[PDB]
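Since the structure comes first, as structure tokens, the remarks are kept for the end.
Don't worry about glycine lacking a Cβ; one is built from the backbone with ideal geometry, like all the others, and counts go over all protein chains shown. Bear in mind that the values in this text are calculations on the coordinates, not laboratory data.
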Amino acid sequence: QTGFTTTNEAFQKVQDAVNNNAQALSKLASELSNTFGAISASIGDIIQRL
Amino acid sequence: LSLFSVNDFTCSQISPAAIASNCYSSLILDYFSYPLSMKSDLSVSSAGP
């Protein structure tokens, strides 16, 4: 009951599993969305470009 | 374009329609006298003197 943080190695594994699912979702979709390249609008010539 | 009759109009990496009507952060232009007889030298692919 007293220590549920650094003392519990198993707790760190649960934190890692939560971190992995969130990190994979954000890196695979959110980071790729918007600037996929160095500069991207998600598609070519969205409005101003012709 | 109206001020000077154009012998040739060529745009590379951009549409001619786009160059007339697009939003660009900055415009840089160079004006110089270039002979009609020598137009081949001023080509990016070619390496004329």
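Would you please name the residue that is farthest from B:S21 (Cα to Cα), looking only at residues in the range A:15-50 that are of a type outside the set (D, E, K, R) and within 14 Å of chain B (Cβ to nearest Cβ)?
In the first step, residues of the range A:15-50 are kept if they are of a type outside the set (D, E, K, R); the result is A:15, A:17-26, A:28-30, A:32-44, A:46-48, A:50.
Add one more test, that the residue is within 14 Å of chain B (Cβ to nearest Cβ), and what stays is A:39, A:41, A:44, A:46-48, A:50.
On the way: A:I39: 22, A:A41: 19, A:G44: 17, A:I46: 15, A:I47: 12, A:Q48: 9, A:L50: 8 Å.
Taking the candidates together, the pick is A:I39.
Looking at (1) surrounded by 10 or more Cβ atoms within 10 Å (Cβ to Cβ); (2) within 12 Å of chain A (Cβ to nearest Cβ), can you tell me which one B:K39 breaks?
Condition not satisfied by B:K39: (2).
Looking only at the range B:1-33, how many residues end up being exposed (fewer than 10 other Cβ atoms within 10 Å of the Cβ), part of a loop (DSSP other than H, G, I, E, B) and without any contact (Cβ under 8 Å) to a residue 24 or more places away in the chain?
If we filter the range B:1-33 for residues that are exposed (fewer than 10 other Cβ atoms within 10 Å of the Cβ), which is where we start, we get B:1-10, B:12-13, B:16, B:21, B:23, B:25-33.
Keeping just the survivors that are part of a loop (DSSP other than H, G, I, E, B) gives B:1-10, B:12-13, B:21, B:23, B:25-33.
Right, trim to without any contact (Cβ under 8 Å) to a residue 24 or more places away in the chain and you get B:1-6, B:9-10, B:13, B:21, B:23, B:25-33.
So the answer is 20.
Would you say A:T35 is assigned to a loop (DSSP other than H, G, I, E, B) and either surrounded by 11 or more Cβ atoms within 10 Å (Cβ to Cβ) or in contact (Cβ under 8 Å) with a residue 12 or more places away in the chain (or both)?
On the way: assigned to a loop (DSSP other than H, G, I, E, B): yes; either surrounded by 11 or more Cβ atoms within 10 Å (Cβ to Cβ) or in contact (Cβ under 8 Å) with a residue 12 or more places away in the chain (or both): yes.
Judged against the criteria, A:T35 is a match.
Looking only at residues that are among the hydrophobic types (A, V, I, L, M, F, W, C) and facing chain A (nearest Cβ under 10 Å) in the range B:1-31, which one is nearest to B:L42 (Cα to Cα)? Spell out how you get there, then give the answer.
So the first thing to find is which residues in the range B:1-31 are among the hydrophobic types (A, V, I, L, M, F, W, C), and the list is B:1, B:3-4, B:6, B:9, B:11, B:14, B:17-20, B:23, B:27-29.
Then drop every residue that is not facing chain A (nearest Cβ under 10 Å), which leaves B:14, B:17-20, B:23.
Details: B:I14: 18, B:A17: 22, B:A18: 23, B:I19: 20, B:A20: 22, B:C23: 27 Å.
Only one residue fits best here, namely B:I14.
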